[PDB]
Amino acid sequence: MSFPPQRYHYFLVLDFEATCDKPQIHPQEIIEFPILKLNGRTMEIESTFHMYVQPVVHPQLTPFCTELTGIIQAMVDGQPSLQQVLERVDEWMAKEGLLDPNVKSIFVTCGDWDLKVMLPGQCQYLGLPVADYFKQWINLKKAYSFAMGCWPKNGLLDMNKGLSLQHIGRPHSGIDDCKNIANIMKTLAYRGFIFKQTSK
């Protein structure tokens, strides 16, 4: 069946961008915080959270970071820091109705890095608690591997290739990466896939 019933009322698509450099900067810090709220059955985008984030440990974006992500210094200057952005997320979650225990939602990311490594690592560095809703997620690469029977080599680009989808927007823009996740999910649901939590 195409677009079967799903286990969640909403899927929350997230794909950070972070400071970076060649070789890699340390520590990395989140600079773009997107969440797309997808209707759980149709995978259509119903709401968007989007904030750029001001880094503090390495406050000046490197040339490599701006080239990779397209994020220029003026986009992070004057922004709230991660601590405040996380409070804005909680407020957005509340207004969207996602803190009701009987509304079931789950984050979806391309890989485990965002919520297994990046967010808890920075929150630990800053001494910040991680909200419980960030502690479960679906790794789209793993979901795709069950839906298609194969392991994608390079993330969103190869999942779009395998599904004959045109890429949306710019790779390594957090919000555009989220739109591609959402488009891949919609196609997997069209083919009949029922999404499941993959995080441990």
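Residues carry their position along the shown sequence, with the first being 1.
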query	finding
Average Cα temperature factor in the PDB entry - higher stretch of 28-36, 167-175	167-175
Options 126, 93, 85, 118 - largest CA temperature factor per the record	126
Residue 53, C-alpha B-factor rank within chain (lowest, middle or highest third)	lowest
Chain-wide C-alpha B factor ranking for residue 131, given as lowest, middle or highest third	highest
Third assignment of residue 81 from its chain's C-alpha B-factors	middle
Ranked C-alpha temperature factor of residue 185 among modelled chain residues, by third	middle
Residue 101 by Cα B-factor - lowest, middle or highest third of the modelled chain	highest
